[PDB]
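Under UniProt numbering, the residues of the sequence shown are numbered 9 to 86, 131 to 224, 232 to 295, 320 to 372, 382 to 718, in order. The C-beta atom is built at its ideal place from N, Cα and C for all residues, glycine as well. Reviewing the structure listed below.
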Amino acid sequence: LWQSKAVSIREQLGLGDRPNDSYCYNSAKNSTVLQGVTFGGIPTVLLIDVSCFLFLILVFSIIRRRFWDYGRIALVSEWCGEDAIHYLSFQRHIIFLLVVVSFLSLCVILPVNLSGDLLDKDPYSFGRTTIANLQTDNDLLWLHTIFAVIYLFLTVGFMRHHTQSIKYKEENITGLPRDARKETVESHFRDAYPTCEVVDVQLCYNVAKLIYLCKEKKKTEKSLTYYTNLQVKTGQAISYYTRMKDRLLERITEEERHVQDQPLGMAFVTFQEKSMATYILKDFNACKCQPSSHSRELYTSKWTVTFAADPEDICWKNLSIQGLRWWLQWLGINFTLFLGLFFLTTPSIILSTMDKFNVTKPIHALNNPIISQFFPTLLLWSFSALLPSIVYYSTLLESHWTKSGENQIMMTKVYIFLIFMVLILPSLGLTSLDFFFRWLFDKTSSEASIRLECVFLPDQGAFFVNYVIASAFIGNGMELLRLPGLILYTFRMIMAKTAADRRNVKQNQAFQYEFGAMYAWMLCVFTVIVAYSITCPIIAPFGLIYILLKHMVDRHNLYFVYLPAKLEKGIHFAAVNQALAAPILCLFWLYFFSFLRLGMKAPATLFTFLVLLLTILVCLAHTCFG
Ligand SMILES: CCCCCCCC/C=C\CCCCCCCC(=O)O[C@@H](COC(=O)CCCCCCCCCCCCCCC)COP(=O)([O-])OCC[N+](C)(C)C
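In C-alpha cells form, the structure reads like this:
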C-alpha cells in the first residue's frame, strides 16, 4: 500500500491508452521517473522527522539540568518582557491565521484540486492534491485566486488585531539634525544653519574612527594585560604569564601611543556635520532641505539633512565617507551574499532532482524518499540556519550608520534572504527544471508541444511541504536543544578549571532573546506556508503544526532559557509587514504558475494578475503616501 503495491500500480498505469485521458505522463514507456515518489515523500519525511523531534526532545530532557545547565540557563543566576508577550502574541495570531488557513484551504482546495484530471490516473501522487486542475476548462482554477484574496484579507485582518495590541508607546524634539556637506569650514555652517528665526544650540562636525578602533582594542587589551597578570596567585602557561606583562606592555606602549597619535590626525579628516538646532524648528529646517542665507551657501548643503539618530546610536565608527564608497560596498556585500544563496539553494535543489533527470527511466529508479525528500530539505533547513548569522556579519560589514537602523535592517535582511533561499530559489529553480524535464519528456522530435499544463514543480510541491515538515519537527527540536550552544557551553566549562570560572560561565550564557532573527525565521516559514497553500493545499496542515510547535518551543525558550529583552517597537511592526508580504507572495506565485501553465492571456491568469497588480499598488500606497 505504501511500499509494496505502491510501486506496482504506478509501474503499469496509463501506458499511452488515451481515448480521452490527459494524465500527463501518458506518453510513457510503462512509467516515467517524472511521476513522483510515492505519496510525495510526506510519509517518509514525516516519520523520519517526527522521530527526530522525539529524539531531540528526548535529548533535552536528559540535558536540561544535566550538562551544566543549558536548559534552564536563564532561570539560574543573575517576567520575560513586554517585548515578548508581543512576540508570543504574534505567534498566536499567526497560529490562528493558519488555523483558519488550514481549515478553509484543506477543505475547499483539496476538493477542488482532487477533482482534476492531470496527474489523476495515478493513485498516490502528491499532485492530485496540488494544482493538477486541468488547464482551462476547469473553471475551478478561478477559485484559487478568489481564495488567495481571502487569505490576504485574512492576514491583513488577523495582523491588525496584533497591531492593535502592540502599543506604540508615543515615542519618536530630538533637536539634532544631521547633514552630509562639504569638507572644510565650520562657522559658516554656524551661520547658514541659523537661517532666520531659528534657535540652534551647537553644531559638531563629524570626523573619523581609527581612534575608536584603538580604544576598544586598548580597553580589551587593558582587560587582558590587567586581569591576566594574576594567573599564579598574583594580581590583575607560566611562560605565557611571564609574557602577559609584555603583552600588557604592548597595550600600554604601542596602543597607548597609537591612541594619542589618532587625536593627532582627528582634525585632519573631515566629513559631514550634525547640528543641535533645538526647539521645534527642526521640522522647518528638515522640511526646507533651503535658500535663506545665500551669503553662506558655498556648498549649499546640497546634501540630505535627515533629522537625527540620537547620539547613543549613531555608529560613529561607520561614518565611512558616505555616498559612492558606501553604496559600492553595499553592492559588493549584497551580491556576494546572493551568489551564496545561489550556491546553497542549488545544492539542495539538485539533490532533490538527482533522479528525475533522464526522464525516460522507469519509475523504479526514483531514489528512496530519504535521499530526495528528507536529505534535501534538511540541508536547506541547515543552510538556512547559517543565513541568520551570515546576514548579521554582512550587515556589520556594510557600515550601516545608525545602530538601531542596523538592528532593523538585520531583521529585514534575514527575512529577504531567507525567504529568498527557501521559497524563491527553489520555486524558480524547480519550475525551470520542470520546464526542462517536460521538454525532455515531451521531446517527440518536432512536436514542440511542451505541454505547459503539467509544469508545476518537479516533485509536485513536495519539496516545500517537506521543507515545512522538516522545519517544524527538526527545527523546533533544535531550538529546544540549541545544540550549537550546548556544545560551546560544554567545552567552555569543560575547560573551566576553577569553579569560580564555572560560575562565571553559567552566569554568562544567557543571551537576551533575539526577537529579530526569530521573528524572521518564523516569518520565512510562514511565507513558505501561505505561498504554497493555495497551490499545494497540504502545506497548511503540516504548517499549523510548525507554528504550534514554535509557540510551544518559544514559550519554553522565552522563559527557561533566554534572558528578558527589550526591543524597538519597530521590530514587531516589521513582522507584521513581513506577514503581509507572505500573503502577497502567495498571490504572486499563483500568478507565476498560472502563467507557466494556463497560458498568459486566459481568464485565470488574468484574474490573478489583476489582483496581483492591484495589491502591489495599494501596498505601495501605504508605503509611500503613508
Ligand atoms: C547532547 C549532545 C548530543 C546531541 C545528539 C543530537 C544530534 C542531532 C540529531 C538529530 C537531529 C538532526 C539534525 C541535523 C541538522 C544539523 C544542523 C546542526 O547541528 O547545525 C546547526 C545548523 O546548521 C549548521 O550550522 C551546519 C550545517 C551544515 C550541513 C549539515 C547538515 C546535516 C546533513 C548533512 C547531509 C550530507 C549531504 C547529503 C548528501 C546526500 C544547528 O543550529 P540551529 O538549530 O539552526 O540553531 C541556530 C540558528 N537558529 C536558532 C536561528 C535556527
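Nearest neighbour of residue i, chosen from the options [CA to CA]
i	options	result
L478	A609, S393 and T233	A609
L679	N649, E539 and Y203	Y203
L431	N410, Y31 and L517	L517
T396	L470, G415 and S385	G415
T619	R73, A674, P236 and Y362	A674
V84	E389, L655 and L659	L655
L186	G209, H214, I70 and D29	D29
residue 373	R584, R240 and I71	There are no atomic positions for residue 373 here, as the chain continues from 372 directly to 382.
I270	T182, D169 and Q343	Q343
residue 126	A14, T715, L289 and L572	Note on the chain: consecutive modelled numbers read 86 then 131, so residue 126 has no coordinates in the structure shown.
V41	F699, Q345 and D447	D447
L580	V597, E539 and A350	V597
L192	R180, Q216, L171 and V164	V164
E275	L659, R334 and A320	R334
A657	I637, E606, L532 and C263	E606
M211	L672, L532 and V201	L672
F75	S686, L659, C628 and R574	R574
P629	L66, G179 and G79	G179
Beta-carbon gap between residue i and residue j smaller than 9 angstroms
i	j	result
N38	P468	no
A369	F354	no
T697	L705	no
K661	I137	no
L64	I542	no
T437	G521	yes
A602	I81	yes
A612	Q670	yes
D534	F548	no
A554	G49	yes
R18	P175	yes
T188	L149	no
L688	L544	yes
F61	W10	no
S154	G635	yes
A713	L677	no
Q421	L488	no
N499	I663	yes
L641	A540	no
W131	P695	no
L262	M359	yes
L615	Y485	no
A184	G209	no
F556	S519	yes
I639	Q143	yes
Residue i versus residue j - alpha carbon distance
i	j	result
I146	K357	42 angstroms
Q43	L162	20 angstroms
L515	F665	22 angstroms
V703	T233	42 angstroms
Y559	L472	8 angstroms
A267	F475	37 angstroms
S385	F248	10 angstroms
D77	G133	22 angstroms
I463	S12	19 angstroms
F717	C711	10 angstroms
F652	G348	50 angstroms
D259	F435	53 angstroms
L272	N410	11 angstroms
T181	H196	13 angstroms
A632	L170	23 angstroms
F449	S537	18 angstroms
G577	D402	34 angstroms
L364	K371	11 angstroms
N34	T452	12 angstroms
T582	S69	16 angstroms
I56	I637	16 angstroms
According to DSSP, residues forming a beta bridge with residue i
i	result
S39	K37
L655	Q604
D259	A360
Any non-hydrogen atom of ligand 3 closer than 8 angstroms to residue i Cβ
i	result
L166	With respect to ligand 3, the structure offers nothing, as its ligand set consists of ligand 1.
inquiry  = Whether or not the segment 280-294 and the segment 245-263 are in contact is what I'm after, with contact meaning three or more pairs of Cβ atoms, one per stretch, closer than 8 angstroms; do they touch?
reply    = Remark: fewer than three beta-carbon pairs, one from each stretch, lie closer than 8 angstroms, so the segment 245-263 and the segment 280-294 are not flagged as touching.
key: the segment 394-409 in contact with the segment 489-503 per 3-pair CB rule at 8 angstroms   = Taking one beta carbon from each stretch, the segment 394-409 and the segment 489-503 have 3 or more pairs nearer than 8 angstroms; the two touch.
ask   = With a cut-off of 8 angstroms, do at least 3 Cβ pairs link the segment 278-292 to the segment 324-343?
value = Segment contact: the segment 278-292 against the segment 324-343, three or more CB-CB distances shorter than 8 angstroms; contact assigned.
ask   = Between the segment 628-648 and the segment 580-600, are three or more C-beta pairs nearer than 8 angstroms?
value = With a cut-off of 8 angstroms, the segment 580-600 and the segment 628-648 do not count as touching, because too few Cβ pairs lie within range.
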